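Shown here: my_file_0.pdb, PDB, N, CA and C atoms.
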```
ATOM      1  N   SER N1040     -10.533  26.642 -74.397
ATOM      2  CA  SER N1040     -11.339  26.041 -73.342
ATOM      3  C   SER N1040     -12.704  26.715 -73.243
ATOM      4  N   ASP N1060      -9.877  23.358 -65.411
ATOM      5  CA  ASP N1060     -10.465  24.478 -64.685
ATOM      6  C   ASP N1060      -9.759  25.784 -65.049
ATOM      7  N   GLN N1061     -10.538  26.866 -65.150
ATOM      8  CA  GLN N1061     -10.013  28.163 -65.571
ATOM      9  C   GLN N1061      -9.084  28.793 -64.537
ATOM     10  N   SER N1062      -9.217  28.409 -63.262
ATOM     11  CA  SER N1062      -8.336  28.927 -62.217
ATOM     12  C   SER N1062      -6.896  28.467 -62.422
ATOM     13  N   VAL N1063      -6.711  27.230 -62.896
ATOM     14  CA  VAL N1063      -5.376  26.720 -63.206
ATOM     15  C   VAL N1063      -4.758  27.496 -64.365
ATOM     16  N   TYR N1064      -5.569  27.810 -65.385
ATOM     17  CA  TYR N1064      -5.106  28.621 -66.511
ATOM     18  C   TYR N1064      -4.686  30.014 -66.058
ATOM     19  N   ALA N1065      -5.482  30.634 -65.176
ATOM     20  CA  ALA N1065      -5.140  31.955 -64.649
ATOM     21  C   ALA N1065      -3.867  31.915 -63.807
ATOM     22  N   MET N1066      -3.689  30.849 -63.017
ATOM     23  CA  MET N1066      -2.499  30.702 -62.179
ATOM     24  C   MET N1066      -1.228  30.563 -63.019
ATOM     25  N   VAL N1067      -1.266  29.691 -64.034
ATOM     26  CA  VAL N1067      -0.104  29.489 -64.899
ATOM     27  C   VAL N1067       0.184  30.749 -65.714
ATOM     28  N   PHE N1068      -0.874  31.458 -66.134
ATOM     29  CA  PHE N1068      -0.710  32.718 -66.855
ATOM     30  C   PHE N1068      -0.030  33.777 -65.991
ATOM     31  N   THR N1069      -0.440  33.895 -64.717
ATOM     32  CA  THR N1069       0.181  34.864 -63.810
ATOM     33  C   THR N1069       1.648  34.535 -63.541
ATOM     34  N   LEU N1070       1.963  33.245 -63.354
ATOM     35  CA  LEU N1070       3.351  32.842 -63.113
ATOM     36  C   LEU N1070       4.243  33.136 -64.316
ATOM     37  N   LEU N1071       3.751  32.836 -65.525
ATOM     38  CA  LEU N1071       4.530  33.102 -66.733
ATOM     39  C   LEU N1071       4.702  34.602 -66.976
ATOM     40  N   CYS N1072       3.673  35.405 -66.662
ATOM     41  CA  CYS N1072       3.783  36.861 -66.783
ATOM     42  C   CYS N1072       4.824  37.434 -65.825
ATOM     43  N   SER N1073       4.836  36.950 -64.576
ATOM     44  CA  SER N1073       5.809  37.431 -63.596
ATOM     45  C   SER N1073       7.237  37.063 -63.995
ATOM     46  N   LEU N1074       7.427  35.837 -64.504
ATOM     47  CA  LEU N1074       8.743  35.428 -64.994
ATOM     48  C   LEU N1074       9.183  36.274 -66.187
ATOM     49  N   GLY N1075       8.236  36.629 -67.065
ATOM     50  CA  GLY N1075       8.556  37.514 -68.176
ATOM     51  C   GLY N1075       8.970  38.907 -67.738
ATOM     52  N   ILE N1076       8.314  39.440 -66.698
ATOM     53  CA  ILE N1076       8.677  40.755 -66.157
ATOM     54  C   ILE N1076      10.099  40.738 -65.588
ATOM     55  N   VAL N1077      10.438  39.674 -64.846
ATOM     56  CA  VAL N1077      11.786  39.544 -64.281
ATOM     57  C   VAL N1077      12.839  39.432 -65.389
ATOM     58  N   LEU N1078      12.545  38.653 -66.439
ATOM     59  CA  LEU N1078      13.487  38.520 -67.552
ATOM     60  C   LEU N1078      13.651  39.822 -68.339
ATOM     61  N   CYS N1079      12.577  40.617 -68.455
ATOM     62  CA  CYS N1079      12.678  41.946 -69.059
ATOM     63  C   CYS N1079      13.622  42.844 -68.268
ATOM     64  N   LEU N1080      13.524  42.789 -66.931
ATOM     65  CA  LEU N1080      14.435  43.549 -66.074
ATOM     66  C   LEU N1080      15.891  43.136 -66.284
ATOM     67  N   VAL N1081      16.144  41.822 -66.357
ATOM     68  CA  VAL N1081      17.517  41.331 -66.512
ATOM     69  C   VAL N1081      18.106  41.749 -67.862
ATOM     70  N   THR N1082      17.322  41.633 -68.947
ATOM     71  CA  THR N1082      17.802  42.031 -70.275
ATOM     72  C   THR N1082      18.107  43.527 -70.342
ATOM     73  N   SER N1083      17.197  44.349 -69.790
ATOM     74  CA  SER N1083      17.360  45.798 -69.840
ATOM     75  C   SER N1083      18.569  46.258 -69.034
ATOM     76  N   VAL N1084      18.842  45.603 -67.901
ATOM     77  CA  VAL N1084      20.028  45.961 -67.125
ATOM     78  C   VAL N1084      21.308  45.522 -67.841
ATOM     79  N   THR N1085      21.316  44.299 -68.403
ATOM     80  CA  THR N1085      22.554  43.727 -68.937
ATOM     81  C   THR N1085      23.042  44.454 -70.187
ATOM     82  N   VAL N1086      22.119  44.901 -71.054
ATOM     83  CA  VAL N1086      22.546  45.587 -72.281
ATOM     84  C   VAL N1086      23.231  46.922 -71.963
ATOM     85  N   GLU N1087      22.649  47.704 -71.047
ATOM     86  CA  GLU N1087      23.249  48.979 -70.659
ATOM     87  C   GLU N1087      24.547  48.789 -69.880
ATOM     88  N   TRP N1088      24.636  47.724 -69.068
ATOM     89  CA  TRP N1088      25.884  47.415 -68.368
ATOM     90  C   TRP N1088      27.007  47.098 -69.350
TER
END
```

Take the structure in this file and express it as structure tokens.
Amino acid sequence: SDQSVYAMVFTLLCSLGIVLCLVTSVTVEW
């Protein structure tokens, strides 16, 4: 490439990735 929509979708996908990293890291050690 509005850039605000790109930043919003990028932030949402980053936050979902952080949560999924937490779930994977907990589940393997469990």

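With atom N of residue 1070 (chain N) on one side and CA of residue 1082 (chain N) on the other, the separation reads 19.4 Å.
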
Inset, instruction - Between atom C of residue 1080 (chain N) and atom N of residue 1067 (chain N), measure the distance and give it in Å to one decimal. - result: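 Distance between the two atoms: 21.9 Å.
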
Inset, instruction - Enter the distance from atom N of residue 1068 (chain N) to atom N of residue 1083 (chain N), in Å, rounded to one decimal. - result: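 Those two atoms sit 22.5 Å apart.
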
Box time for region 1063-1069 of chain N: axis-aligned, enclosing all its listed atoms, 5 Å extra on each side; report centre and edge lengths in Å to one decimal, as AutoDock Vina command-line options.
```
--center_x -2.5 --center_y 30.8 --center_z -64.5 --size_x 18.4 --size_y 18.1 --size_z 14.7
```
